[PDB]
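Contents: one structure, followed by commentary.
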Amino acid sequence: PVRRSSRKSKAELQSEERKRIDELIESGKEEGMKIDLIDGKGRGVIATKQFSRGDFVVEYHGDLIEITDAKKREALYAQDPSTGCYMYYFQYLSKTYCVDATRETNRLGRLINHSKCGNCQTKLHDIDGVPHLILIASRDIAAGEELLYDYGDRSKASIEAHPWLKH
Amino acid sequence: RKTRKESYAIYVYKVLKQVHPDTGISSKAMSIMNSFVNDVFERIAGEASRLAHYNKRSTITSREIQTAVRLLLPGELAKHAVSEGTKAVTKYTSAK
Amino acid sequence: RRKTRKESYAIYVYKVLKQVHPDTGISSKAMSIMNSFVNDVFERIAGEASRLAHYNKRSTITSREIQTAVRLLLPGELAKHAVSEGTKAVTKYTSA
Amino acid sequence: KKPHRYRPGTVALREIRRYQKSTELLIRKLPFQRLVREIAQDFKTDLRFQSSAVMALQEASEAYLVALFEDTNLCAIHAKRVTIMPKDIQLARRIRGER
Amino acid sequence: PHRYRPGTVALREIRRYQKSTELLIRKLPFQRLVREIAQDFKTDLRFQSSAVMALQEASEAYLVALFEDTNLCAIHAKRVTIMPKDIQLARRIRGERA
Amino acid sequence: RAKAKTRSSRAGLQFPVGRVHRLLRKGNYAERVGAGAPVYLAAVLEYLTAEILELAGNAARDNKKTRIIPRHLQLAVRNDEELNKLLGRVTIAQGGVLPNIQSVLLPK
Amino acid sequence: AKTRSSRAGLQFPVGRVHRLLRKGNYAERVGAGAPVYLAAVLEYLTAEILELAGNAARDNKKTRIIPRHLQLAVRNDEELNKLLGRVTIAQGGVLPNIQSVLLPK
Amino acid sequence: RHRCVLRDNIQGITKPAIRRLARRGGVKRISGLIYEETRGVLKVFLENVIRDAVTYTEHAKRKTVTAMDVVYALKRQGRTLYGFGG
Amino acid sequence: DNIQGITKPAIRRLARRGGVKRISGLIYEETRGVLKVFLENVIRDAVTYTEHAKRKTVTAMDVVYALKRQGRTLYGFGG
DNA sequence: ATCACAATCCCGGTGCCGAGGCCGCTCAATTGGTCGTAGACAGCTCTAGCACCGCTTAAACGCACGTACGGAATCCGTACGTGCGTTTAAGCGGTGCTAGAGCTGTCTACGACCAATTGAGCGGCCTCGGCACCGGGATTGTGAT
DNA sequence: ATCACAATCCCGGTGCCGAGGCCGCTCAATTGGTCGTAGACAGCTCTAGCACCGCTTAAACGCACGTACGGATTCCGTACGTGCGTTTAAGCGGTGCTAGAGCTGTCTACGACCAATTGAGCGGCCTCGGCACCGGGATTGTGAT
Ligand SMILES: C[S@@+](CC[C@H](N)C(=O)[O-])C[C@H]1O[C@@H](n2cnc3c(N)ncnc32)[C@H](O)[C@@H]1O
């Protein structure tokens with residue numbers, strides 16, 4: 186029976202995982218979720234199928250921009266109250282960058298609400314030096330739960346406008 | 027007469043015939059494999075003894091043999107060795 | 026209430042310090058570090074003595090096993106002086 | 036009157052002297068708590084840590100990084116440099132047997 | 038006539054000795070060195086042939102690993118020649134040297 | 011009496027469960043040794059032996075040879091990252107080293 | 014001289030070391046002189062570190078040993094540093110040394 | 017408005033903290049690429065010790081990672097730690 | 024005088040197995056000193072083991088035990 | 001060189017709290033004795049480690065020569081250290097909550113242990129094929145054109 | 001690009017020894033039944049880990065600047081590598097010996113185990129000096145004048 190145990194090295198498992206994750210990045214295969222209305226929150230994401238920890242949930246897609254245009258567009262959204270704040274900063278290697286999702290499209294990572302006791306977290310994914318911000322489940326999630334994460338704004342002035350800490 | 031030494035020669039040879047039926051092993055390589063088996067046995071058993079002493083347990087069970095295996099061997103080796111050990115202990119229990 | 030018994034080398038390290046530096050004290054953190062050092066060296070020497078007993082098919086730790094373990098572990102003048110003072114201690118113990 | 040500014044390096048020497056004279060932990064406590072809990076959440080969910088446990092982790096980590104940085108400084112000086120570069124850390128860890 | 042450029046024979050020799058497992062130090066000089074060293078610790082000591090062979094195995098493995106670390110140290114210094122400072126740095130990083 | 015079926019055959023292992031149990035008892039690791047502890051340890055030893063021997067046989071067949079020599083064991087250990095981590099402070103006699111030359115040393 | 018430590022002229026507990034050797038799973042029997050010898054070695058090493066720690070405390074004009082003094086004592090003596098080469102002492106810091114190449118010219 | 021940005025706990029080991037750690041090692045001058053690099057190495061070190069530590073907690077059937085478990089995990093890696101035992 | 028029995032070409036071969044392309048002229052004495060230090064460190068432990076066994080012969084088992092005490096375990100000699 | 005000048009060292013004043021010393025208990029070290037057996041030792045066997053010797057090449061060594069490279073000097077760009085001003089989140093402290101760490105009790109099933117048995121493994125022996133060495137054409141980096 | 005050319009690689013025969021398989025035994029692994037105790041499990045306590053809220057502010061962050069330094073270039077001399085011929089000593093093979101390793105057999109001192117005694121060492125408490133913090137004066141390294 187030539188019994189030869191199959192043991193993937195710790196050099197192919199992450200390789201077989203990086204390409205198993207990025208195949209939802211360059212593609213828009215955003216399955217397993219639905220759009221719903223949540224009281225006080227408006228549009229939100231509901232999981233229609235079971236999610237385990239480490240399972241990819243949804244990519245936060247948008248225009249990848251620099252900080253110099255970032256600040257100008259942030260001022261623009263500050264001037265117009267009805268535009269909203271869909272923009273989201275991050276850091277990569279030795280430089281800061283950002284993603285703009287204010288333009289209303291079919292991308293569904295932008296429509297996710299906020300919670301400090303949520304079930305998902307945002308992580309970076311590098312593809313040929315291109316960052317992509319992906320929301321991934323932090324724990325086992327059954328179908329029907331609302332997808333939530335931490336907006337990463339524990340600022341004094343941000344809480345003044347949007348004081349939804351918990352519950 | 028006498029001069030009897032305990033070794034893992036035949037067992038390493040049998041597992042070799044299972045994994046590579048058409049190949050053999052030299053005396054020096056068999057000695058190295060025996061030394062490897064002795065070293066790993068001593069390492070895992072010492073870690074299991076330390077585990078038992080830490081938790082004030084005077085018995086080495088399968089649980090701290092498993093814990094010692096997880097402590098010593100790196101990641102994927104630890105997972106697959108734990109799988110094999112649990113499979114073997116299940117088969118042994120299902121044949122009392 | 027009435028927490029359990031805990032064994033430590035605190036009082037003996039304190040007596041040794043008072044014998045060496047009679048006007049110098051030791052803090053709780055430094056006393057804990059001295060306790061950890063004593064435990065670590067005791068474990069190391071005892072493990073080497075057990076290895077010596079198992080290597081030579083002897084089932085007992087004698088003063089000679091501990092002497093060889095000390096010579097193996099402590100380097101340079103430390104081994105010489107530790108061996109000398111341990112031999113002095115065993116001589117005085119056997120005399121009385 | 037031109038304001039006073041120290042030549043580059045002497046403040047670094049003073050920082051070296053003060054931080055080698057002292058024994059206080061150099062990493063902030065609460066961020067280390069958070070990093071330990073986040074990095075331990077991949078191994079067992081809903082864990083708890085004794086305060087002394089994270090204390091021991093912080094001391095161990097600090098000591099490890101200080102020894103690594105001493106080896107890195109030696110590897111930098113070997114390369115006729117004063118700056119420590121990432122390649123210096125890579126060489127130190129390769130020689131130490133970690134990589 | 039014919040003469041290889043310096044370095045190429047060195048690469049050929051590196052490949053040759055990295056392909057083979059044979060001991061590189063001559064056995065009798067190593068055995069005499071072992072006996073001279075052991076004379077310091079205990080006089081009139083006999084050595085099993087397997088004991089001297091184990092000592093040679095360990096010594097050559099240690100020296101080969103040390104020379105690999107030394108080569109890494111030399112390359113780190115933008116050099117190709119290994120120098121005694123490279124050995125000292127490798128040993129200090131390994132923790133053997135004070 | 012009943013047929014003696016040993017204990018390696020009970021667990022489907024080639025390594026001696028009884029001998030491992032005897033070594034654990036005589037190794038003075040603890041006062042008592044569980045029944046499943048030798049089975050687990052023998053299974054782990056058999057798995058590690060199988061991995062080492064599989065990679066060594068692959069290395070030997072790569073070198074157009076049908077007998078595993080210490081060089082093949084060394085190549086198997088040092089080529090597999092995990093086994094190299096496990097046997098990092100282990101010297102294999104007559105094993106040599108991996109064939110590798112730093113890129114800077116090669117001519118340009 | 015009822016206690017074995019008093020008999021051996023030691024301050025460390027010969028009886029406690031004997032009990033620890035018996036309960037530590039080293040061999041099924043432990044000799045009579047083994048705990049005495051090991052206790053003597055342990056108290057010798059304790060005295061050797063504590064003397065240098067007290068010297069460090071005096072150099073720091075402190076009358077109490079702290080982890081810093083133990084670290085200085087251990088790393089200053091080459092043989093103690095070799096014995097404790099793979100340990101890190103909590104709140105001990107490091108030896109004050111700046112490389113000569115780093116010092117300004 | 018708002019300052020929406022992901023926070024990750026590895027950045028809690030700040031650039032000045034790394035600078036202090038290097039100063040205690042005796043480093044005058046530090047490349048800017050050290051920080052991320054050493055951040056990574058710290059993570060690697062932690063990923064080892066805590067894993068061993070949590071394995072100990074898993075064996076004792078405890079939900080709390082104790083100091084003694086970390087001491088054992090460090091002693092396993094040849095990094096014995098004094099002052100936290102008992 | 025037996026330390027010079029570890030000849031210059033032996034050091035060159037050991038460096039070649041380590042992947043060294045060019046070897047300085049002062050490497051040989053440093054390597055002889057390093058080998059002497061390592062051999063003294065191992066041999067002292069080995070002779071300690073023989074003394075404890077009350078043996079006048081340094082066996083292979085004693086040598087591999089000395090190597091293992093230093094974290095340099097050797098396979099293929101009865102360990 | 002002289003002098004601001006920021007930094008550090010040295011002299012107490014004083015409160016904090018933790019190291020040290022005392023007292024009660026309690027349980028673990030001691031004492032004395034019994035018994036089994038571990039190894040100390042005396043003697044025999046016989047293995048292999050040492051010592052020597054004699055060729056025999058493989059290997060080391062000494063020298064020549066030249067070429068690459070180590071190292072020093074120089075110049076340039078940059079990036080990091082230094083300081084300053086803003087912000088931010090670390091930390092302290094104070095308060096609750098309850099998860100689970102630790103302890104206690106019970107009861108049990110699991111492993112040590114002993115005795116009898118037999119079969120698997122090991123020493124011993126044979127035999128036989130794969131690997132190492134030799135020997136001739138295929139090949140392939142390599143250094144000079 | 002083009003050329004010859006030593007070094008490497010490959011294919012085939014041969015011996016030859018080390019690996020692979022078989023036989024008898026013996027010693028250990030197996031089977032079975034007892035005992036008692038280590039551990040699993042249930043329950044209780046209360047410890048401490050988690051989580052929050054407010055505020056202070058030490059520290060991290062962000063920015064401008066300039067300078068020290070990392071790095072590329074160039075060149076010089078020497079100190080390496082490579083090849084040659086000569087010396088030497090490693091190595092193989094054989095012989096002799098004997099010191100010491102290994103085993104056996106007695107048995108005697110030595111260590112585990114047990115009953116009982118008690119005092120050394122634990123925890124709990126108090127208390128006061130070493131020390132940390134602080135303020136001020138003096139002294140010092142540093143860098144521009
Ligand atoms: C990433 S956008 C979400 C998209 C948009 N709010 C919607 O529902 O279509 C973030 C905005 O949603 C609002 N928001 C986020 N989390 C919320 C919550 N938990 N409850 C109420 N509003 C929330 C904030 O005011 C913020 O301006």
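In order, the protein sequences belong to chains K, D, H, A, E, C, G, B and F.
Using PDB author numbering, the first residue of the first sequence is number 186, and each one after it goes up by one.
Using PDB author numbering, the first residue of the second sequence is number 27, and each one after it goes up by one.
Using PDB author numbering, the first residue of the third sequence is number 26, and each one after it goes up by one.
Using PDB author numbering, the first residue of the fourth sequence is number 36, and each one after it goes up by one.
Using PDB author numbering, the first residue of the fifth sequence is number 38, and each one after it goes up by one.
Using PDB author numbering, the first residue of the sixth sequence is number 11, and each one after it goes up by one.
Using PDB author numbering, the first residue of the seventh sequence is number 14, and each one after it goes up by one.
Using PDB author numbering, the first residue of the eighth sequence is number 17, and each one after it goes up by one.
Using PDB author numbering, the first residue of the ninth sequence is number 24, and each one after it goes up by one.
Note that beta-carbon positions come from the ideal geometry of N, C-alpha and C, so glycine has one too.
Strand pairing of residue i, partner residues [DSSP]
i	result
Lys280(K)	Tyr277(K)
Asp335(K)	Note: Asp335(K) sits in no beta bridge, so no partner.
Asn298(K)	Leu333(K)
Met218(K)	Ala232(K)
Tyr245(K)	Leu318(K)
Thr307(K)	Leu320(K)
C-alpha distance - residue i paired with residue j, whole-angstrom precision
i	j	result
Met84(B)	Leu42(H)	27 Å
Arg129(E)	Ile74(E)	24 Å
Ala255(K)	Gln276(K)	13 Å
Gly41(B)	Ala33(B)	13 Å
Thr29(H)	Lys91(B)	26 Å
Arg52(A)	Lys115(A)	23 Å
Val60(F)	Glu133(E)	10 Å
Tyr54(A)	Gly28(G)	44 Å
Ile206(K)	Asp106(A)	38 Å
Partners in chain G for residue i, counting only beta-carbon separations shorter than 8 Å
i	result
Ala35(H)	Under the 8 Å cutoff, chain G gives no residues; its nearest Cβ is about 12 Å from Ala35(H).
Amino acids of chain D, ordered along the chain, whose beta-carbon sits closer than 7 Å to that of residue i
i	result
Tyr98(F)	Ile58, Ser61, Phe62
Closer than 8 Å at the beta carbon, the chain D residues around residue i
i	result
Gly102(F)	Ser61, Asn64, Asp65
Within chain A, partners of residue i - CB distance below 9 Å
i	result
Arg134(E)	Near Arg134(E) there are no residues of chain A at all, since even the closest Cβ is about 11 Å away, more than 9 Å.
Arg131(E)	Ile130, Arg131, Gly132
Beta-carbon neighbours of residue i, restricted to chain B and to distances below 8 Å
i	result
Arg89(D)	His75
Short Cβ contact (8 Å threshold) for residue i with residue j
i	j	result
residue 353(K)	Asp240(K)	Nothing about residue 353(K) can be reported from this structure: the residues present for chain K run from 186 to 352 only.
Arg42(G)	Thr85(H)	yes
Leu126(E)	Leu109(A)	yes
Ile124(A)	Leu103(A)	yes
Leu320(K)	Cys305(K)	yes
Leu34(G)	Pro48(G)	yes
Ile62(C)	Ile51(D)	no
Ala196(K)	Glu330(K)	no
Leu51(C)	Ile70(D)	yes
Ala69(C)	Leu93(C)	no
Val108(D)	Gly46(C)	no
Amino acids of chain F, ordered along the chain, whose beta-carbon sits closer than 9 Å to that of residue i
i	result
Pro80(C)	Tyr98, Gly99
Contact list for residue i against chain G, beta-carbon separation under 7 Å
i	result
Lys40(H)	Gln24
Listed by chain order, chain E residues near residue i by CB distance under 7 Å
i	result
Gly28(C)	Per Cβ cutoff of 7 Å: no residues; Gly28(C) is ~30 Å from chain E at best.
Residue i: contacting residues in chain H (beta-carbon distance under 7 Å)
i	result
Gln104(G)	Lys54
**OP:** Would you list, in sequence order, the uninterrupted alpha helix (DSSP H) runs of no fewer than 4 residues that lie entirely inside the stretch 28–65 of chain H?
**Re:** Listed in chain order, they are 35–45.
**OP:** Please go through the stretch 62–101 of chain E and give each complete beta strand (DSSP E) segment of 3 or more residues, from N-terminal end onward.
**Re:** Fully enclosed beta strand (DSSP E) runs of 3 or longer: not present.
Original post:
What are the complete beta strand (DSSP E) segments, minimum 3 residues, inside the stretch 30–101 of chain F?
Top reply: Restricted to the stretch 30–101 of chain F, the beta strand (DSSP E) segments that are unbroken, complete and at least 3 residues in length are 96–98, listed in chain order.
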